[PDB]
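What follows is one structure encoded as structure tokens, with my remarks underneath.
Read the figures in this text as sums done on the coordinates, not as results from a lab. Don't worry about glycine lacking a Cβ; one is built from the backbone with ideal geometry, like all the others, and counts go over all protein chains shown.
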Amino acid sequence: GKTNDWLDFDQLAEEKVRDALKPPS
Amino acid sequence: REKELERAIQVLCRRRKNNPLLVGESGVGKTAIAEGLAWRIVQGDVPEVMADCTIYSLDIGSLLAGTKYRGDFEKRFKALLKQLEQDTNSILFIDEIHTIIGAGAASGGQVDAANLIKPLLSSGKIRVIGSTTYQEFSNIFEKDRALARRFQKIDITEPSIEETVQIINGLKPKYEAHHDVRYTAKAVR
Amino acid sequence: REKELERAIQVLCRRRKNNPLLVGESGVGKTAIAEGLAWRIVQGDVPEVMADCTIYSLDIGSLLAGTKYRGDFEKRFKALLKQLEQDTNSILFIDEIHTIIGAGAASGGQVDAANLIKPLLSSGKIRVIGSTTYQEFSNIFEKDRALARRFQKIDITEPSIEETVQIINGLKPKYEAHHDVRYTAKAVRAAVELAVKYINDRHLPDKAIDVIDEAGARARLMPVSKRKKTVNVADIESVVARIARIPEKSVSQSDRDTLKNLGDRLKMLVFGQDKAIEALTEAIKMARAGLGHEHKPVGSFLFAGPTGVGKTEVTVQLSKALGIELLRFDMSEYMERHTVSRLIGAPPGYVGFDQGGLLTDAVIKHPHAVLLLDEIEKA
Amino acid sequence: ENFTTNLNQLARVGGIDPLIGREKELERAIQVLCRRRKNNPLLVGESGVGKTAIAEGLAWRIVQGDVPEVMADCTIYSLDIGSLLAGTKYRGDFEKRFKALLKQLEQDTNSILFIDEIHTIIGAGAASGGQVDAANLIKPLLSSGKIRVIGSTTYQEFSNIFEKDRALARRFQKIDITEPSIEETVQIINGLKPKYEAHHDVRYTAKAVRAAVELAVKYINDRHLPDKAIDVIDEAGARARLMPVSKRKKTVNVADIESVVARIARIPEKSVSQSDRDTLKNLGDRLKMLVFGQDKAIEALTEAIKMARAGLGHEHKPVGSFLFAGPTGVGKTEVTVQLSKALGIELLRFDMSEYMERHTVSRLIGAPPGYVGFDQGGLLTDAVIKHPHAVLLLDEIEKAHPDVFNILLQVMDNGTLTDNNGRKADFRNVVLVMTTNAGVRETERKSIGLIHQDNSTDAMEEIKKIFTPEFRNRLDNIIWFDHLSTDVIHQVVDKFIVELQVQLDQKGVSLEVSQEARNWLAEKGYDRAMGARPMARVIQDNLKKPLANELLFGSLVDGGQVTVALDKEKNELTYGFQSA
Ligand SMILES: Nc1ncnc2c1ncn2[C@@H]1O[C@H](COP(=O)(O)OP(=O)(O)OP(O)(O)=S)[C@@H](O)[C@H]1O
Ligand SMILES: Nc1ncnc2c1ncn2[C@@H]1O[C@H](COP(=O)(O)OP(=O)(O)OP(O)(O)=S)[C@@H](O)[C@H]1O
Ligand SMILES: Nc1ncnc2c1ncn2[C@@H]1O[C@H](COP(=O)(O)OP(=O)(O)OP(O)(O)=S)[C@@H](O)[C@H]1O
Ligand SMILES: Nc1ncnc2c1ncn2[C@@H]1O[C@H](COP(=O)(O)OP(=O)(O)OP(O)(O)=S)[C@@H](O)[C@H]1O
Ligand SMILES: [Mg+2]
Ligand SMILES: [Mg+2]
Ligand SMILES: [Mg+2]
Ligand SMILES: [Mg+2]
Ligand SMILES: [Mg+2]
């Protein structure tokens, strides 16, 4: 008859960042 | 909602893991239960053990606002638990408990609100009220087996027709004052 | 936990890589063995190799409170390691040790608590005790082979039914003093036995202790003096039924009259079909009486007959008579073979993994309910 | 000043473990250091192979004077990034100290720097608006061959992190530190024995060292060879040190090594204790009191388990791989559940009817990297890793897609299975039992002929048409469950009656059934084609139904006693409700 296709679902990696500051003086 | 509140109070008196988790569908009153215990306390319709206690509603946005620097979130969150631990008469209410899984994680940042509240709930030093939906409890909250073990699921059921008409009558004064109209009893039914 | 504790001591007395990692499922008692290792040391029921040793639980959150400045986290973290190495007797217990794999990393740098501690662990100057769930350890901890290689995984399994009864017995004074109640021996046994049968989403040591703590709070809340200060077996059964959302073991007086007249009420709504009504009522009566199937549904009937004879109606009216939810599932939509995914969800890595199974989710949401599979033959 | 540690001084005080062998790898590193440009050796390999050992062994050898005179007396400096980065909050503080150390290194010109886990220097001191990072600072010096440095990074940490920076990668010479041979590891542990022997105050035998390396390789598969053997030896010494509670101190023999290896691998301990030996002795008899008949199935299971504990098991195959076929209502899925109970091991049940779709394999072994379900992992692979000693029950295997039977191939032929995360699941101690109903219609169906025929063979041909020859050639046995006999039914009826009595005991009710009444129940419910399942329906209608009406509303509300006897004239059971 017919072939039942399957659709895979991709996952993306997104990561937040933090900044460690250095006092000027 | 006498049985739901009764079980919630029973959980809040537990020696350890005294954290009631209100799980239900969308439309059912879950936040009201957590936000109605406060109203009950001021009115005085609460057991003596649950009296003289204030429920604090935690907002994630305010807690995660302006915390780009390393350790700013940890400081704010640790300070909250410290002030809440030395009170012993305060209950934290999180409207969306599914959102603490990745609140502070920046980059593989397992150090987050979910992993930071665990030692507190296991030690029974604080009391936390949760709220989440079934679609989000099973797929987000239940994935963290450790966090889900420190929260006692309290299922909330859709009220019956007879129960719902009483709720409408209790809210009728505030609704009547806003629209400046009076709803008939037949209209509510 | 003598066997599990002994393994931890052996690893602690090693020359190098003397870091006993404690892996296990949630609630098994991984943290109990770590915190309990200190309780035993004060009493003195431990070998002299570990006697006089100190344990320090690490709070990762407090350590990262004020480390916004560059090289602020490393400075304090290194200070703690120096104290442990110079003390030569203390032990660092890092609960949820899977969190140090990205600790104190601000920029795209690989300098974190795990890299900092790595050389010390490989030298055996300090002893570290960890604790991680199976999923966490396999997905986060084991991804770092270098850090995993420095820890000695010690798998701990949930105790036996008999073993967990002794654990609750030892904990009885703490819980009894908090609620000012006394727990009967039968109550502890019933909690363990009943929690294993009904509560299937938690582990035996933690779930059994959850029934004992919940029951103690209920008794205290009750104003009646006779029930207060004591916890009978009936109290435990009600608590377990509440947590599992199942009918109470002892039938209530309100439900005793409903079951008695359940057949007559259904007969008036749907005439004839006495055999069908009798089978449903009899099966329900056996289930509520407690002499039901050990691990099978109350009843699995197959109604067969002509059209319009009362097959769907009797099932629809059974839920209304018992005041339970009706899980109506039309099987005509499941004619195709691939429709099975709807019932139990799609497999991992597909578009529908998040949605989940309709049948499984519905049953979990409403465990006490009537499941009607109409037109199952069409499926 | 206090960021680098002189390994020569540490090596001279006896603080660095001796480097045994690895002469080929050592010469390559030394040859690289004697180059003009790109003279920085980079030791890359798996974890536990001995990378840090070689980087530290170089200074150990320099002190002894066995290294070539081309670089004799060279000072190897081990840099710890933690001390360097610490206390560098101010702007330019990290660059002042880092550039100071490099200035000193160049002034000496006869010193080498060792940076363990050198991948971490990328972004070590960087910050928002960062002036410079440690990687960029060293780039000039390395390109000009001014200073020679020694790196150490794993393969996982040499591609995602180090290969990205082509500039630094070009100035380093990759050296594949392969794991040593089984024979070479024995030599390594022989030289290291005095250090471990002095610490634990124990002595290791020659056979014990060899047995450790051999047993570790064939049981421990999550660690490398120079890291697991030392763990077995180190853990054995601590047990030996603590074992003399009554001063029972003796030499560490092979038995001690076997015991520690078992706990690390969670495999059943060799030289089974008398308590466990008794369990296997009466395992068949204990099972025969819960599952009547089907003696061939119980024997195969019990014999397979015995052989594995006695040491005469399979090299890299599960304890047993049996395909339990036969009619319905027989003890196919019951004997497996009872086996896990008697053995006290976790029962891994897998309803294979949920794997009808060919793409459901992703649930068994996990979704590949880059997909939504990668984090969840595989159910079967994770369940086995959690409970290596278990009973894997695959019920209704024939109700799964033909592609789910190709995974079990390696499970039976190689004893392993690779999930999405690359982890290996060990099935060498799992009792794989698969229950099927292949050709059940045939057994129910009767032949069209004067003489009826046995359809046991007809159900075997169906199995062959469902399972491929390769699948059927790796199964220890294919057991056929014969129909329940009349004698068996009587035992089965008593079993269900006993279960009823247990349920009644929880309510304070007792029941007594005579052998005359028990025989009557067997005839009404006995059906050779439907097995024992109909016996549970007859009991429900004849015993549970009347009792339920009495328990809810009658004499058994608060306990009682019942006597069940049959009336010969009317051939119907009589229920006596004594009260209490
Ligand atoms: N032998 C035991 N003695 C005392 N408490 C025990 C024991 N076994 C289990 N527990 C339970 O352990 C609880 C303390 O938390 P643990 O179960 O140790 O947490 P955990 O399993 O380490 O947690 P995570 O989240 O999985 S790291 C106690 O309150 C008990 O309910
Ligand atoms: N025995 C009955 N007593 C009273 N009303 C009945 C009875 N049987 C059918 N009805 C009525 O017929 C409808 C119910 O039919 P159903 O029981 O749903 O039919 P059905 O058995 O599902 O039919 P199929 O799907 O064609 S086999 C309602 O309108 C009922 O009131
Ligand atoms: N050739 C060798 N001679 C002597 N001891 C060795 C040798 N190879 C490895 N070892 C020992 O094996 C253990 C582990 O090797 P190390 O070199 O310390 O590992 P490592 O390279 O630091 O590991 P990571 O941090 O996981 S990359 C230590 O006890 C080493 O001294
Ligand atoms: N030989 C037996 N002795 C005692 N009880 C038995 C026996 N065979 C079956 N039973 C009982 O029959 C019920 C079903 O047992 P199962 O092992 O599930 O049968 P099965 O033949 O594997 O089932 P399917 O549906 O054909 S896969 C349980 O209540 C068993 O205790
Ligand atoms: Mg809400
Ligand atoms: Mg814990
Ligand atoms: Mg219908
Ligand atoms: Mg190393
Ligand atoms: Mg079966």
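Structure values in brief
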{"quantity": "Count of segment B:89-127 residues which are outside any loop (DSSP other than H, G, I, E, B), within 19 Å of B:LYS75 (Cβ to Cβ) and more than 16 Å from ligand 5 (Cβ to nearest atom)", "calculated": "8"}
{"quantity": "Members of segment D:459-512 found to be part of a strand (DSSP E or B) and within 14 Å of chain C (Cβ to nearest Cβ), listed by number", "calculated": "D:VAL509, D:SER510, D:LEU511"}
{"quantity": "Odd one out for C:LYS320 among (1) surrounded by fewer than 14 Cβ atoms within 10 Å (Cβ to Cβ); (2) within 16 Å of ligand 7 (Cβ to nearest atom); (3) within 21 Å of C:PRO247 (Cβ to Cβ)", "calculated": "(2)"}
{"quantity": "Among the residues listed as D:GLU235, D:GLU214, D:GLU269, D:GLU258, the single one being closer than 25 Å to D:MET307 by Cβ and surrounded by 18 or more Cβ atoms within 10 Å (Cβ to Cβ)", "calculated": "D:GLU258"}
{"quantity": "Residues that are facing chain D (nearest Cβ under 9 Å) and assigned to a helix (DSSP H, G or I), drawn from segment C:128-146", "calculated": "C:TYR134, C:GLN135, C:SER138, C:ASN139, C:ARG145, C:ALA146"}
{"quantity": "Test: residue in segment D:533-540 that is part of a helix (DSSP H, G or I), within 16 Å of ligand 4 (Cβ to nearest atom) and exposed (fewer than 15 other Cβ atoms within 10 Å of the Cβ)", "calculated": "yes"}
{"quantity": "Condition check for D:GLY508: among the small types (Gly, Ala, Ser), out of contact with any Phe, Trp or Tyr (no Cβ under 7 Å at 6 or more places or on another chain) and under 30 Å from D:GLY326 (Cα atoms)", "calculated": "no"}
{"quantity": "Condition met for C:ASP264 (over 30 Å from D:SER362 (Cα atoms) and either away from ligand 8 (no atom under 16 Å from the Cβ) or not small (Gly, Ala, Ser) (or both))", "calculated": "yes"}
{"quantity": "Helices (runs of 4 or more DSSP H) within segment C:239-326 that include 1 or more residues closer than 18 Å to C:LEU373 by Cβ and aliphatic (A, V, I, L, M)", "calculated": "C:274-289, C:311-322"}
{"quantity": "Condition met for D:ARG28 (more than 16 Å from ligand 7 (Cβ to nearest atom), more than 14 Å from chain C (Cβ to nearest Cβ) and assigned to a helix (DSSP H, G or I))", "calculated": "yes"}
{"quantity": "Among the candidates C:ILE129, C:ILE91, residue that is away from ligand 9 (no atom under 16 Å from the Cβ), farther than 30 Å from D:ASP133 by Cα and in contact with a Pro (Cβ under 6 Å, 6 or more places away or on another chain)", "calculated": "C:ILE129"}
{"quantity": "Criterion: more than 16 Å from ligand 4 (Cβ to nearest atom), more than 28 Å from B:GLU158 (Cα to Cα) and in contact with an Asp or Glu (Cβ under 9 Å, 6 or more places away or on another chain) - qualifying residue of C:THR312, C:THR307, C:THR339", "calculated": "C:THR339"}
{"quantity": "Segment C:57-80, residues that are assigned to a helix (DSSP H, G or I) and within 8 Å of chain D (Cβ to nearest Cβ)", "calculated": "C:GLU74, C:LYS75, C:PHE77, C:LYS78"}
{"quantity": "Some residue of segment D:277-288 being among the β-branched types (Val, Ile, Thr) and closer than 21 Å to D:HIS490 by Cβ", "calculated": "no"}
{"quantity": "Scope segment C:337-377; condition within 14 Å of chain D (Cβ to nearest Cβ) and among the β-branched types (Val, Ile, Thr); matching residues", "calculated": "C:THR339, C:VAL340, C:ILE344, C:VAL351, C:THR360"}
{"quantity": "Out of B:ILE126, B:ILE101, B:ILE91, B:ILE140, sole residue that is surrounded by 22 or more Cβ atoms within 10 Å (Cβ to Cβ) and not aromatic (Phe, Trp, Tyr)", "calculated": "B:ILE91"}
{"quantity": "Odd one out for D:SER353, checked against (1) over 28 Å from C:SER160 (Cα atoms); (2) among the small types (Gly, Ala, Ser); (3) buried (at least 19 other Cβ atoms within 10 Å of the Cβ)", "calculated": "(3)"}
{"quantity": "Extreme residue, nearest to the other protein chains (Cβ to nearest Cβ), among residues of segment D:541-565 that are surrounded by fewer than 18 Cβ atoms within 10 Å (Cβ to Cβ) and hydrophobic (A, V, I, L, M, F, W, C)", "calculated": "D:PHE553"}
{"quantity": "Residue match in segment D:92-113 (condition: small (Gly, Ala, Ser), facing another protein chain (nearest Cβ under 9 Å) and touching a helix residue (DSSP H, G or I) at 6+ places or on another chain (Cβ under 9 Å))", "calculated": "no"}
{"quantity": "Residue that is farthest from ligand 9 (Cβ to nearest atom), among those in segment D:37-56 that are crowded, with 19+ Cβ neighbours inside 10 Å and in a loop (DSSP other than H, G, I, E, B)", "calculated": "D:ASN39"}
{"quantity": "Subset of segment D:513-531 (residues that are part of a helix (DSSP H, G or I) and exposed (fewer than 15 other Cβ atoms within 10 Å of the Cβ))", "calculated": "D:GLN515, D:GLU516, D:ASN519, D:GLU523, D:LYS524"}
{"quantity": "Flag if D:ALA438 is farther than 27 Å from D:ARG266 by Cβ and touching a strand residue (DSSP E or B) at 6+ places or on another chain (Cβ under 7 Å)", "calculated": "yes"}
{"quantity": "Identity of the residue in segment C:282-307, facing chain D (nearest Cβ under 10 Å) and over 30 Å from the mean Cα position of the chain (by Cα), that ends up nearest to ligand 3 (Cβ to nearest atom)", "calculated": "C:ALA283"}
{"quantity": "Within segment C:20-69, considering residues that are touching a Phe, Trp or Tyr at 6+ places or on another chain (Cβ under 6 Å) and among the small types (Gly, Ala, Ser), the one nearest to ligand 2 (Cβ to nearest atom)", "calculated": "C:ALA34"}
{"quantity": "Filter result for D:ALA342 (more than 16 Å from ligand 5 (Cβ to nearest atom), of a type in the set (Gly, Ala, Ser), crowded, with 19+ Cβ neighbours inside 10 Å and not in a loop (DSSP other than H, G, I, E, B))", "calculated": "no"}
